[PDB]
**Q** 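Okay, handing you the structure first.
Quick note on labels: first sequence line is chain A, next is B, and so on, each numbered from 1. Hydrogens, waters and symmetry mates are skipped; everything else that's a heavy atom, side chains included, is used.
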Amino acid sequence: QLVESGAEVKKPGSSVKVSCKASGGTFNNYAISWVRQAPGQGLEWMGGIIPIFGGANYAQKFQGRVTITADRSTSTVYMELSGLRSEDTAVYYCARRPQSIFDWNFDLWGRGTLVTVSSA
Amino acid sequence: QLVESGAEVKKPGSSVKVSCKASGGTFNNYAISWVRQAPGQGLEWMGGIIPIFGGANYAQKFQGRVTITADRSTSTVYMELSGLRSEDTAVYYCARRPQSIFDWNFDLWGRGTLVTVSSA
Amino acid sequence: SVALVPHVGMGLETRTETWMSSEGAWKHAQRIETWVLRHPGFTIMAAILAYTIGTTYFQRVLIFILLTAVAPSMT
Amino acid sequence: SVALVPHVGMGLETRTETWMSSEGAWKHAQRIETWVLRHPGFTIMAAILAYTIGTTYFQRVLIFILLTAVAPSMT
Amino acid sequence: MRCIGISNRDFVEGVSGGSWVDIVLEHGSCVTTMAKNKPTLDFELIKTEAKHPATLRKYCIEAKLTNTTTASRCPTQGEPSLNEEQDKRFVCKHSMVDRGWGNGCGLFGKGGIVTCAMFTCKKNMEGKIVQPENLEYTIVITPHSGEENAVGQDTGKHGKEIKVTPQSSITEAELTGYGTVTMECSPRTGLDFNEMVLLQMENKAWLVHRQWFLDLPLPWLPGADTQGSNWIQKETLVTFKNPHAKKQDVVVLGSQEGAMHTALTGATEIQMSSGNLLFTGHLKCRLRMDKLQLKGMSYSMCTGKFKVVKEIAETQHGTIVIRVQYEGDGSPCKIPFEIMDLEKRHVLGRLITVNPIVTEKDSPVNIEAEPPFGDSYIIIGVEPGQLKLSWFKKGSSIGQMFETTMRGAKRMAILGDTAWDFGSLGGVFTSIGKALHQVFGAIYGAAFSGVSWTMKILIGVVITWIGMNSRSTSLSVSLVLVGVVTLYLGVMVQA
Amino acid sequence: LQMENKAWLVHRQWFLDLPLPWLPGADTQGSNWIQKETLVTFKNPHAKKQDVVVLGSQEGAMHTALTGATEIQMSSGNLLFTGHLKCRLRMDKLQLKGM
Amino acid sequence: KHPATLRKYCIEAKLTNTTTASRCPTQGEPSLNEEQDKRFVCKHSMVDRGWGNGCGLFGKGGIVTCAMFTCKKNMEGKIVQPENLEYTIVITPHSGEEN
Ligand SMILES: *[C@@H]1O[C@H](CO)[C@@H](O)[C@H](O)[C@H]1NC(C)=O
Ligand SMILES: *[C@@H]1O[C@H](CO)[C@@H](O)[C@H](O)[C@H]1NC(C)=O
């Protein structure tokens, strides 16, 4: 029910924008969050959004460098990471959760979009 | 500027409709008359019509047997002949004339549609 | 909508018939008549209010027509 | 036009907001204001007629208001 | 917290001798019913579905004209004849053109001309009707306990939704740990679908008046129509031109989608794409609390220490929600909760979440309470580790009374006499009020049908002035009251 | 005023007071319409979700608004078969033929 | 001749990029980047927010939605200079002679 953009290879200092196409039901009922996982490293929360309400909140690590936006006319959620660097190389996942502030379930997970920061 | 319908071969007792497509200027400015020339015989006047006005008049010989009409949307003039018979065989012409009730100078003609009442 | 400002009293009317003149001649009267037919309850109230407010018979009638014309066209 | 017969006074309204309630709440009044601005001449004549016909200042004011509302509405 | 955080949340207190309370459930509003020794429940009408619709009429909003053709009979000779006039899918018009020796006739008068064009439909504005029988309503009843269920896998464990239909008057909802709640609704009276039309115009739907729908000036088909070509009243969507009386011509009017959208002002949009879903209107229901049970009954008081895991939040409804977590023994116990004064002498607050209980050791229970206006203490737990939380409530009691009066007036405005049984428990006063309201509302609807809010305000001002300038005190008071009510309705109408 | 295939001669103040979104006329890219609010409706049913939709083709409403405007031609040039012309006619050099 | 346009009123539009922004109650109105875009239609409203919605303050939070406004059909209000008019008048001598 969640589909992500294909893996892409960026360069240091560039930006990468990822998407997740929620199939209507996920929008207007739940919320979408973005979690990355550098290879050999644990999961890290970047932020989330309520696509019906739009306001996105960010982990203070990524605050100022990441952007979460939702297209209500296409039922998609986009994640934008600027100022890429070798450390940013990781697979990015989007998962849906209830809009409640106390429930942080991630029953549905995106297939994960690997973002590679290199030249070759 | 006047183009007639293609050749038509019919059968006795039927009805035949002939198409004469005029241009915009000839449709809104001139009248169109239907003259049929029998095989090896002289010209005969069937009728005519002011396409912009549309009131059709027919030769006394053709009352109740010939219907002439115009299609202002497609700028076309049609002649419909009922009770087709052996003597109805002839070539049919549509000619462009002014819409005054005194001048019948046909300065434009089509090419004639051969309404062949026979079997081939 | 744009249909509520129909270019009626703008002058510059020539001797050539205007756009949709025939229908627009009586469309508004037709709609008022239909409104009065479908809503007779308000028409009686307008008559009573005009009679009370109006001092002379002419004032009563003028107020009555004004009320019954505004009521449907008011929105 | 269908636009001249809106669905306002049908008595079906619920708490849920209507199709163009926010838009159409003030559109008629805005149109009347615009028409009065564009046609100061008719407003003066209407005021004179209301003052003449109206015996009292209530009748005069009501007649003037109704005339000013009607003039755009019929158009 | 579904019914918490909804602006249109209303509190209902008490049940009748039979232990029932009738409520009016509206879309976009929730009801929290609470009675002594009864659980506090949240009622929310979330779906209205109309099934098996039937087409009543099919309006034409966009057309095309083709096969235009003209015929003329010159002066004094009668009328022209077109074979197209025999067909009803051609639009025809008669007019006179100037004719003479130059045009093609032998007289010099006004000839007769008729122009016919074939009318075809491009876009439709179908209107459907449903019978009150096929009027399923969906209601979600949530035990207002302080424990909520995360979206997904609820499976009716907490929060039960019941389908209400005219077929069955009794709707039983079994809420785990609370017994059974018996709804007895009246779906046949909530919305008079007999006078309604489900209008569907190009992936938008409206709930319009049947008479207003049938009075639309557009080409239409009967609804029973199958050929779809015998449009009638076609002259509303086609223009006939004879500018100088020299020739006649026909054009079709433009797409009436925007004009129709303008005309639909004042109608509540609905969903008709798949299912005929309505998210507007009310449902009057009688609530049977007979078999309702407090879940936490037969529990011991919690003697351990409590902690607030989320700061107290004040809601739009004058209450406060406190999320506490138990750290003690005897996990299935009831939470000691009190709202006292600054001297801890009197009890000043009441619990919306009546009988809060702890179900698990480390599961947060969020209690909603109604503090008094001013300074008070929220005191949670027994003395050894008792939480002494101080709270302040901004408002005043007179302001709250005024706000309650205004909300009641608004309810009497959106609802009619139905507002008199929103929280009624029998009562001769309630029935007398409802009857008087029915009579007055009949008169008022008769006198103000089809009128906009500006017209209502003008009429109210006029009536108020007539009353103010009336010599008789009785008539003066009557007129002033009627004018005040009419002005209020005009100010509150068109929402 | 030229619509899809039909043209009218209309008052200029009436044309400038029309409640539709407009471009200044010097715009080749558009994308700067003025009264976009008149062609869209913003709906917040209850206070849960806010949406916006367009108001549908205004061609028919515009036709209704054009009643009382004379129809002109603007396809192959701007031809106005309406209106008058005041002329002063001089017959000094005008004589009967064959007197 | 040589008409000059002065407006291009739109009679039929569409919306393609709907965006929404919300702020939790008490935190003031939200803002969108598109709200400064002239090819976008925006509006501010309120929604009910709380712990269930995901705000955490239980009030009415400002919300703004924006959609890209695109015109599909427009009507051109051309104008002409009074010097560019050209009246054609036919004079016929009205003799019995055929025309
Ligand atoms: C309309 O004209 C078309 C030709 O464009 C023709 O095929 C069709 O039969 C006509 N319809 C009628 C009802 O005359
Ligand atoms: C609308 O969204 C599409 C997504 O495919 C994007 O390409 C386009 O630039 C957007 N238009 C705007 C933001 O005006």
**Q** Highest number of heavy-atom pairs under 4.5 Å with chain D: which of E:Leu237, E:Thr262, E:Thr265?
**A** E:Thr265
**Q** Nearest 0.5 Å, what's the OG1-CD distance between D:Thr18 and E:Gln494?
**A**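 Reported to 0.5 Å precision, the distance equals 4.5 Å.
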**Q** Which of residues 196-210 of chain E get closer than 4.5 angstrom to chain D, counting heavy atoms alone?
**A** E:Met196, E:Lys204, E:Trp206, E:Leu207, E:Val208, E:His209
**Q** What part of E:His261 lies closer than 4.5 angstrom to a heavy atom of chain D: side chain, backbone, both or neither?
**A** both
**Q** Identify which of E:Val451, E:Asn469, E:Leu415, E:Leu264 forms the greatest number of heavy-atom pairs closer than 4.5 Å to chain D.
**A**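 So the answer, after comparing E:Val451, E:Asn469, E:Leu415, E:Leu264, is E:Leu264.
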**Q** What part of E:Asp192 is in contact with chain D, defined as an atom under 4.5 angstrom from a non-hydrogen atom: side chain, backbone, both or neither?
**A** neither
**Q** Quick one: sort the E:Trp465 and D:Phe58 rings into parallel, tilted or perpendicular, breaks at 30° and 60°.
**A**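 E:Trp465 vs D:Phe58 ring planes: tilted.
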**Q** Based on non-hydrogen pairs under 4.5 Å, which of D:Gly24, D:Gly11, D:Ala25 is most in contact with chain E?
**A** D:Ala25
**Q** So for D:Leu4, is it side chain, backbone, both, or neither that comes closer than 4.5 Å to the heavy atoms of chain E?
**A** neither
**Q** Can you list the residues that meet the side-chain contact (heavy atoms from CB on, under 4.5 Å) rule with E:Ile46, with sequence neighbours excluded?
**A**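 If we apply the side-chain contact (heavy atoms from CB on, under 4.5 Å) test to E:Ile46, skipping adjacent residues, the hits are E:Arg2, E:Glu44, E:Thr138, E:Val140, E:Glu161.
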**Q** So what's closer than 4.5 Å to chain D heavy atoms on E:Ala267: side chain, backbone, both or neither?
**A** both
**Q** Any chance you could measure D:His28, atom NE2, to E:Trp453, atom CH2, to the nearest 0.5 Å?
**A**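 Reported to 0.5 Å precision, the distance equals 10.0 Å.
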**Q** What is the distance from atom CH2 of D:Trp19 to atom CD1 of E:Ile270, rounded to the nearest 0.5 Å?
**A** 12.5 Å
**Q** Before you tell me yes or no, could you show the steps for D:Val2 and E:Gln256 under side chain to side chain contact (heavy atoms under 4.5 Å, CB included), namely the whole-Å CA-CA distance, both residues' side-chain angles and the distance that decides it to 0.1 Å?
**A** CA-CA 8 Å; D:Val2 288; E:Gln256 305 283 337; 4.2 Å; yes
**Q** Can you tell which part of E:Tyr59 gets under 4.5 Å to a heavy atom of chain D, answering side chain, backbone, both or neither?
**A**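 Neither part.
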**Q** Apply salt bridge (charged side-chain N to carboxylate O under 4.0 Å, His left out) to D:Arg15 and list each qualifying residue two or more places apart in sequence or on a separate chain.
**A** E:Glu26
**Q** Over all heavy atoms of both residues, which pair between D:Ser1 and E:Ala259 is shortest? Give the atoms and the distance, please.
**A** OG-CB, 3.8 Å
**Q** What are the two closest heavy atoms between E:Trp212 and D:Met10, and how far apart are they?
**A** CB-CE, 3.9 Å
**Q** May I ask you to list the residues in residues 30-57 of chain D that approach chain E closer than 4.5 angstrom, counting heavy atoms only, ordered by number?
**A**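 Checking residues 30-57 of chain D against chain E gives no residue, so none.
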**Q** Can you establish whether the number of heavy atoms outside E:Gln211 located under 6.0 Å from its atom CD is more than 12?
**A** yes
**Q** What part of E:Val461 gets within 4.5 angstrom of chain D, counting heavy atoms only: side chain, backbone, both, or neither?
**A**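 For E:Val461, there is no contact with chain D at all, as no heavy atom is under 4.5 Å.
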**Q** Among E:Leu216, E:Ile414, E:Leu253, who wins on heavy-atom pairs under 4.5 Å with chain D?
**A** E:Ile414
**Q** Please state whether the side chain, the backbone, both or neither of E:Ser29 comes within less than 4.5 Å of a heavy atom of chain D.
**A**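 Contact with chain D involves the side chain of E:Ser29 alone.
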**Q** Side chains of D:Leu62 and E:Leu458: does their closest heavy-atom pair fall under 4.5 Å?
**A** yes
**Q** Within the 3.5 Å criterion, strictly below it, is a donor on D:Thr16 or E:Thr268 matched to an acceptor on the partner's side chain?
**A** no
